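Participant: One structure, as structure tokens, below. Some questions next.
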Amino acid sequence: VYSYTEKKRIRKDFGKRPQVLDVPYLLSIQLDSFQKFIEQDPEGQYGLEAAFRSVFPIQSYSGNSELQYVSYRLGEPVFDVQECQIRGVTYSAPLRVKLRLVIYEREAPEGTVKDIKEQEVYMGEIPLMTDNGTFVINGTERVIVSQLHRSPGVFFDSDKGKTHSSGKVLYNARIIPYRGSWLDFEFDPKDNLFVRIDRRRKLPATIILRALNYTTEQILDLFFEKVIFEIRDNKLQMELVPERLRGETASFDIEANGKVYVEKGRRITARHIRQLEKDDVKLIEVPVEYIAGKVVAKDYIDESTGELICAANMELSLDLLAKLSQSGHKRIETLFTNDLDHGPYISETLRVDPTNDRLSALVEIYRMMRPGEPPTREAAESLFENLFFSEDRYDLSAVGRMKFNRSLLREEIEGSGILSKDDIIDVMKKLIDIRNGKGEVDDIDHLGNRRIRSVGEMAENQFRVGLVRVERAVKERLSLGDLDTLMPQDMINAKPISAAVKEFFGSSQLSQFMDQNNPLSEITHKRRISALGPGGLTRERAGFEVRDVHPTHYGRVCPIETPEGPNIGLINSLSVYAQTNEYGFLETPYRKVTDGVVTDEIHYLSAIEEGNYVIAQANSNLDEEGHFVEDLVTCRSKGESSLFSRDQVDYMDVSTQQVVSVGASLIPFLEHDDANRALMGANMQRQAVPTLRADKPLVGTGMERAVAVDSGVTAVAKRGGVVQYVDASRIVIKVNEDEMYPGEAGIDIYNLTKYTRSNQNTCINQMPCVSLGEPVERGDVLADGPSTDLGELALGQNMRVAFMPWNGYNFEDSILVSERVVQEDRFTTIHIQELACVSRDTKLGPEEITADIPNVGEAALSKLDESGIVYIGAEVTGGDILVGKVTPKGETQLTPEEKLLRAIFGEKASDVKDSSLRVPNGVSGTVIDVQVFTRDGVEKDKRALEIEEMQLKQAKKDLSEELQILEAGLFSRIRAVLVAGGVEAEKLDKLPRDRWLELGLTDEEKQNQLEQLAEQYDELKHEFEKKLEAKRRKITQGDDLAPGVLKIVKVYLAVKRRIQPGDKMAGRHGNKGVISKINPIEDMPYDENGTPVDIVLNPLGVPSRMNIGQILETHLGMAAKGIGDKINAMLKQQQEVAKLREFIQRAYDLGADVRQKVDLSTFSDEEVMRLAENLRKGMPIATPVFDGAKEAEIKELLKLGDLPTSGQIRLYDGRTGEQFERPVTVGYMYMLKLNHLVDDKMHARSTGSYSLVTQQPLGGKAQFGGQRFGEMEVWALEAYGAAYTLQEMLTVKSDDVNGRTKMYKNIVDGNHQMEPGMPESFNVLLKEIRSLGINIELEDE
Amino acid sequence: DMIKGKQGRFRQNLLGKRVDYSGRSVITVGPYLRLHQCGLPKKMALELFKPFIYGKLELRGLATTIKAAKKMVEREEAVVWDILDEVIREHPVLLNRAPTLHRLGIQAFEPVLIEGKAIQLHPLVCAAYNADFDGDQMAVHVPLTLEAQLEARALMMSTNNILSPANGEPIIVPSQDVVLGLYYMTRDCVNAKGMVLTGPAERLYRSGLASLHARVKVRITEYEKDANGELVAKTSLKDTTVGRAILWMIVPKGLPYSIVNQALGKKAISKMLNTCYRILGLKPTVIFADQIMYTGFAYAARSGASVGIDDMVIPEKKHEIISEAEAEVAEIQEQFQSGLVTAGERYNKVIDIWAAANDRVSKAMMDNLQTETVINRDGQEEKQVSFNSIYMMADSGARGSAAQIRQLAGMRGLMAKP
DNA sequence: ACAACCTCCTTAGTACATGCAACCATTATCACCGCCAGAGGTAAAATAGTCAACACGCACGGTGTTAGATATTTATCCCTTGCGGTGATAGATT
DNA sequence: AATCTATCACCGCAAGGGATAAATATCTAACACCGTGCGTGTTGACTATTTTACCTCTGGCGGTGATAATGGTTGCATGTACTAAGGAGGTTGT
């Protein structure tokens, strides 16, 4: 039982495991983050509002003024997404802020206040966002990628053997802010405890204990328990608490309480404490091996004589022990020297430190930022304390204070975004204690310790700094004015926070052009996870911390949805089901136990909790009147794995695709592929492009309907009802009183895109999927887009595939395609691209634009406006004009024996340079839009003023339909309220509305329900009373183009980039390669059906690719498409309606190992038949990745294709009628054509552009350049001994103007020879060397 | 910054530099190009040869002026093509596969005009370049001096630099699937549509009963050139195939037939060309390398070699092996807990058993992959050397290995951590 | 007497190669306003001219008639088809 | 390098299809006429083409203000991996 639009389309899952949750709308790290950056939140600590709440009220340091605040705002837009391409200006609107001022009694003592003033002011701009989760910035969808960074606070790592005079093994503690300056704590090479304040040069770690204000025995009371000795009746003894054995380098042997405890060699590292606490020990007796090397902590004396024995900070010795044996005063306080037990590094570095007090421990820090400059007393304190407590220079958020307290095992759920001058003691304790195993490293790449920084967080981090670095003239001049008579505004500049926040989405370190190759690519782009920028590193200044994998990726971040090459792992994607808590820690869905079984009481849990509860793996299985057929439940934790009994479990995974991101989640057999080709599969589906006759993945996962809606590329019934109009750009519906809101007309609208540019110059368009009078439910599909088939995804097309080598072309994932593909105009792609021109501010003001280029290429001119511009709808190719930027030439010399021809005898008209904008040599396809723009006081040019009436026609018509569509709902509600008792109301739905006022209904309140609706009507339609002009003067709008430009012009091209060789293709399972010949339908193998095969791809390569999902998609596609081919034949003869039902139902009904069923007996014998059209493409299939339709199910379903259930068939050759020495792999694969496009990249050159800087060629397609014969390319000619071919590149084909201008013409000499003159790039260098100051010249031989 | 680091004149503008009369595009396989040749789109030939056109119209009258000629040259009009045969018919184009860490990344050829926007590339040099057909590219350079063209034919030509500079096997060589064709023509079978049988005539693949695996036998008189230039004549009975016999058309018959009496995978085929280079002469060795190319393409397809779900056989007796290795581990993980191992030796004492499990299954795997036709002869049990394609992809040397086969026919085994 | 040697001091010299896509902003800062230049304005006359008047006078284009061409119709003619009779090929031998 | 018998078939040689070109009949176009109105001509009065003169714009640029204002800004070059050099100075040696 399936919906009303599903009567056209239903997908067949095969999966096996107990999901009770499905796809969430994939875009949240854009969407919810954009909201919380720009939300009026009353008590939160994030976004624009929290940035202002961290700086304002600015109660001035001058004590005479205050710039107060109330809240942000956004409002007052003018551009919209259409103008944000057609014009191009970033889709943005002004940030404005509520500000105030207050002043007090200057003169009296009984009123306390005297003045109060408050307003709004401007404070910047903000880009704007679509329902589709996109943004539009300089003509293009430039979009922020989210970051995955070390969580702010502190970290604790271990440089366990780096380098230098002892390969130095280390442990550390290191500050990492959300915003700010720095501090590290570690050890020097010699092994003193050391520090790097702001990570500058070496300082002894006692300095900061003086700065934070602790004297020597306070440092002991903060970091050291204190060892105790005695001497009793006949022996030496020590005195204890039952944890004081934690590090001892035990050369020695001990008993305590009543058994042996320590023995010769067994170093008592803190692991050992679990020998002692259980045993209540408070006294021990030891060899002298633990009664020296223990530094006495006070002075001691001898009443046997009247004398001393030793002083504080002194050792013990056999003679001192002999005097202690006499003493009377038989006690000693002593220090821990055992390493990590307490770290003696403090005690000893307290005597390897020149600093003495807090002033020295701040003055020496001033030197560490200002060598050779006087340490200005008060600024020596500020320079250090403002590293951690400044208005501009430190923050953590509540998130980073939480991580700080968490990595220190605190209980304070209370604290500050700043540090404190005593929090630092615990950072130092952890370093003193860690360094051989009281603990270990802070679990860095745990995905609840590394943290997400979403789009709105990445914008927030700028406002946490810009408000405390740039406001200078405001912060200055606020001190000076008598603000009883001046205002909370009077010095605020407005230029910078426009561009600096508009283009934070268009030129920022994470805000690239979105991957608009096709819908799947933009859907995953919106949830990309960068490891880069402030919080990570780059591609270059980075190791494997930015590229590899750590097991907490499970359920959260798929390790294969990354670019390839050196870019590996630097940017990733969020798995389908994954999200984050209020700390940006990553989380996942789970099933959960009640009374004895893993119930359907589903939950979500953090990466940290995956390290704290027993999660069963997706393997496990339920039972009859019992519990589990899974006797030995396989389980998992932190990303690791185990085996347990039933009596031991808390949770389980909900699905397998919870471990998988969008591109990877469409690979139906990852059960059978290596990661190196799964990586390719996660990118080839993204490089794929819109095609003229698109067709669906027949094999599939289920994501083939989610990814059709996860960016709105298909329109969907957000309310639903009955379809009421349908048009190639427009759709409307009507609704009923079960939903219809308290005064509406009962309507929705679902209009559709048409032709514009994109970020990889792909085409954009949409088309309907419903018709007049169809009822549709709240989730039915209403339209299609650039990569769909009538209600599901189509990133490509299906083709028949032979997995065999052919006559040479297909060696290395390279692809043969049939002539039949060109006949059907298939894998032809469609593109929309833009080209432009200018007229500069001259001394008058304008510049010329026309078509005059006489006797230079006349046919490439025939296609133009009066203004020198092509027409919308005209075809253009290879060299046609687009915008008439002609330029006259000159030659001028013209003396009585130099007037050789023109200026007397012929062509006595212009010599205009071929400088007008033209179609590039290789481009072909229709002009689709044309524009002209100017400084606004000039109302717009004739070619834009005709296009005003081209755009006005659409709205002038549509609003004349809309007004009728609107009142045909609204007055139909009034008509219905009348029909409820005044049943004769069809005498009224045939009148002017004013004449309904001669009426009445019944002696009951329906009468007054009619009255109040008739009163309300004249207010309601004021909605319509604007509409047409609200598009018009966005076209006739002007914009300034900066001083230097009066006007700008554009043309757009629909480039029909056809199927051709050298272009690139792929399939879902990581097969990727060039189209390497087009083959006649018989120049190809044919099946046991007596029928040829559309594509051929080499299997000899496959064992080096280590992947087999490509074979399984091909074989399951042979069943899936074979169902549709058999339907095309069966629909003709029909045989019996129960025979149409036999095959069409059996295609769905055939299964044996499955959670789902398209049970077509739960659908009627015409729902069976409306579905048959979209089944002629083939049967659509589903399979959660790792839950899938394995080989045995393919070998069952193939009894619908009815071809050999081996998947390996007696192929023939169309040219010869032969049949090969063995059966061969065949089927039908889902395949793709990819935006590498050789079509765009035909770049050769005879001669062209030259770099004035060096007389050498320029380089670039965007420069028509010459290309680099590199140093390695020289090594080949050197190695060959090929000196003339090498010298050719070095002068007569490059910078030597003399050489290249003679060699070009040396064909006219007939003697095609070299005639070089001087390598100008060496002539350049001979004067650059002299411009540095080095003299250089020549000799002769 | 004009000198010291990477961007300086020395490396950015001198020892390498941007260059005219040049271009780049995506590589495409060109199996009808002869070894001295390369394919180039007509409008790319037009672009690369403009100095021959805007440079000869004014030298034949074939346009009224170089200004008017805009209407004719960009048009690709008839008069362009005399002007270009006057180049093409004896002109060495240079080709390039940067980054050129080794000599054979740059070579010289001869134009052939084509359709499209690609660069078409002769299959035997695709190996010498390491050409990688994922929409990566190659580059083109036109030599224009008479001297550069003289030295390009003499010094850079593919036919004239065939061998490895490190030792002297060919790398301008019968390439990726070409050598499965040659291996297929030189493999033989039981039943074989010809368990022993012979014929000439390709048209007899259309007489009803033939195979390139059918087991020919023939006396062939055969010859071997001495260092002095005479011919050491020989004669022998043979045990051979139709494809091994067809290769006596292609073989330079001054070396003896008996060299073909084997299975010519990548393991072996280079050494025939190497032996020709050691003994006969340059032209004979070039023709023997070139003509083997189309010989591969006529028959590589007709092998029907594949990868597919029953090209992936598995040893049944893996069942018995799991009753050893997983059971050895099962007591050893108790011996740790009962006090007879620590946690550490126990890691080795189980990883070594996982290695021994993989290597046990890898023995059974080879019997099933290569011979297990058991049913008990007479009238049964063709226990022959297998025709499994994944095995043939390794014994041809086409692209397979034991490390691929383990993952595809028995056990994927073990891995490294980061 | 100097020599280099022990140690960790800091300094700072480098970081492979080919190619394609993109768009060109931010500052504030009294320039004051006083003087007078040749220098802007414009009246009245040089360097010379407008276009309306009443004449002058002609070209061009559209309405009309004529011309002849063309595309139709007709019907003729030849070159071609397909089969058949039997050809001197292909090529092995002389 | 000549001979032919014995292939697979082109000729051996009947039929018939389309063609095109003749004659007819239609179309249009080319023209010659006529009529319109414009750009045929000189003359004359206008007013503002240009010049120079005069009286009096715009913008050249030079000149420098005073209740008093008298310890400043500036943020991140870089945390890595190497290792060659110079710098330090005490001393155990040359």
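Sequences listed follow chains C and D, in order.
In this text, residue positions in the first sequence follow the entry's author numbering: the first is 2, and each later residue adds one.
Read left to right, the second sequence gives residues 329 to 527, 532 to 750 (the entry's author numbering).
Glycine included, every Cβ here is placed at the ideal spot set by N, Cα and C.
Please state the DSSP three-state secondary structure of D:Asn680.
Facilitator: Looking at D:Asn680 - three-state DSSP - the assignment turns out to be helix.
Participant: Mind listing which residues of the region 849-876 of chain C have their C-beta closer than 9 Å to chain D's C-betas, in chain order?
Facilitator: Cβ contacts with chain D come from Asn856, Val857, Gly858, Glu859, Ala860 and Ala861.
Participant: Nearest to C:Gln824 by CA position, among C:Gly259, C:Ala532 and C:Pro1081, is which residue?
Facilitator: Closest option to C:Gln824, Cα to Cα, is C:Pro1081.
Participant: Which parts of the region 420-505 of chain D are runs of the beta strand (DSSP E), unbroken and 3 residues or longer, counting only runs that do not cross its ends?
Facilitator: DSSP runs (the beta strand (DSSP E)) wholly in the region 420-505 of chain D: 422-424, 434-436, 439-442, 447-449 and 465-469.
Participant: Would you say C:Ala1043 reaches chain D, if we count a Cβ-Cβ gap shorter than 9 Å as a contact?
Facilitator: By this cut-off, C:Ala1043 is not an interface position.
Participant: Distance check for D:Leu544 and residue 286 of chain D, CA to CA, integer angstroms please.
Facilitator: This structure gives no information on residue 286 of chain D, because the portion of chain D shown stretches from 329 to 750.
Participant: Taking C:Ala1283 as the reference, give the member of D:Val618, D:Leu483, D:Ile683 and D:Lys570 with the closest Cα.
Facilitator: C:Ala1283 has its Cα closest to that of D:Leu483, out of D:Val618, D:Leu483, D:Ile683 and D:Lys570.
Participant: In chain order, what residues of the same chain have a beta carbon less than 7 Å from the beta carbon of C:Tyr26, not counting five sequence neighbours either side?
Facilitator: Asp711.
Participant: So that I know if they touch, is there some Cβ in chain C lying closer than 9 Å to that of D:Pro379?
Facilitator: Yes, because at least one Cβ of chain C sits closer than 9 Å to the Cβ of D:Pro379.
Participant: Residues bridged to C:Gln238 by DSSP?
Facilitator: DSSP lists C:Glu231 as partners of C:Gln238.
Participant: Leaving out five residues before and five after C:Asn133 in sequence, what residues of the same chain have Cβ atoms less than 7 Å from its Cβ?
Facilitator: Taken in chain order, the residues that qualify are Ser712 and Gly713.
Participant: State the start and end residues of the unbroken beta strand (DSSP E) segment that holds C:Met1230.
Facilitator: C:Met1230 -> beta strand (DSSP E) spans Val1225 to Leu1235.
Participant: Check whether chain D comes within 9 Å of C:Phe1164, counting only Cβ atoms and requiring the distance to be less than that.
Facilitator: For C:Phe1164, the answer is no, since every Cβ of chain D falls outside 9 Å of its Cβ.
Participant: How should C:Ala323 be labelled, buried or exposed, when 16 other C-beta atoms within 10 angstroms of its C-beta is the threshold for buried?
Facilitator: C:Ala323 should be labelled exposed.
Participant: Show which residues of chain C have a CB atom less than 9 Å away from the CB atom of D:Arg388.
Facilitator: Going along chain C, no residue has its Cβ under 9 Å from D:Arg388, so there is no contact; the nearest lies around 11 Å.
Participant: By Cβ distance, which residues of its chain are closer than 6 Å to C:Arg107, with the 5 residues on each side in sequence left out?
Facilitator: Nothing meets the Cβ criterion.
Participant: Listing by chain order, which chain D residues have their CB less than 9 Å from the CB of C:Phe804?
Facilitator: Correct list: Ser638, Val639 and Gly640.
Participant: Taking the alpha-carbon positions, what's the D:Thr392 to D:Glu386 distance?
Facilitator: Each residue's alpha carbon lies about 8 Å from the other.
Participant: The beta strand (DSSP E) spanning C:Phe514 covers which residue range?
Facilitator: That residue, C:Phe514, is in no beta strand (DSSP E); it is neither H nor E in DSSP.
Participant: In angstroms with no decimal places, state the Cα-to-Cα distance between D:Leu612 and D:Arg362.
Facilitator: Whole-angstrom Cα-Cα distance: 21 Å.
Participant: Could you tell me whether the Cβ atoms of D:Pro420 and D:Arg481 are closer together than 9 Å?
Facilitator: It is a contact, given that the beta carbons lie within the stated cut-off.
Participant: Using a Cβ-Cβ cutoff of 7 Å, what residues of the region 434-452 of chain D are near chain C? List them in chain order.
Facilitator: Residues passing the 7 Å Cβ filter: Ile434, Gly444, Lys445, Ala446 and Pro451.
Participant: Would you call the CB atoms of C:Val547 and C:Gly566 closer than 9 Å?
Facilitator: No. Outside cutoff.
Participant: Pick helix, strand or coil for D:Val706, following the three-state DSSP scheme.
Facilitator: Coil, per DSSP.
Participant: Compare the C-alpha of D:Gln435 against each of D:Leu587, D:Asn489, D:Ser353 and D:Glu534 and name the closest.
Facilitator: Ranking D:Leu587, D:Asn489, D:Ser353 and D:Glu534 by Cα distance to D:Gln435 puts D:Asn489 first.
Participant: So, are the CB atoms of C:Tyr1018 and C:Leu989 less than 9 Å apart?
Facilitator: For C:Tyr1018 and C:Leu989, no; Cβs fall outside 9 Å.
Participant: Thinking C-alpha only, which one of C:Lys283, C:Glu1192 and C:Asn357 is nearest C:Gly259?
Facilitator: The shortest C-alpha separation from C:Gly259 is found at C:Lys283.
Participant: Can you tell me where the alpha helix (DSSP H) with C:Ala1031 in it begins and where it stops?
Facilitator: Taken as a continuous stretch (DSSP letters only), the alpha helix (DSSP H) holding C:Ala1031 covers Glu1030 to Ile1036.
Participant: 9 Å is my cut-off, CB to CB: does C:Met488 come that close to chain D?
Facilitator: Not closer than 9 Å to any Cβ of chain D, the Cβ of C:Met488 fails to qualify, so no.
Participant: Residues of chain C with CB under 7 Å from D:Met330, in chain order?
Facilitator: Going along chain C in sequence order, the residues near D:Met330 (Cβ under 7 Å) are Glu1329.
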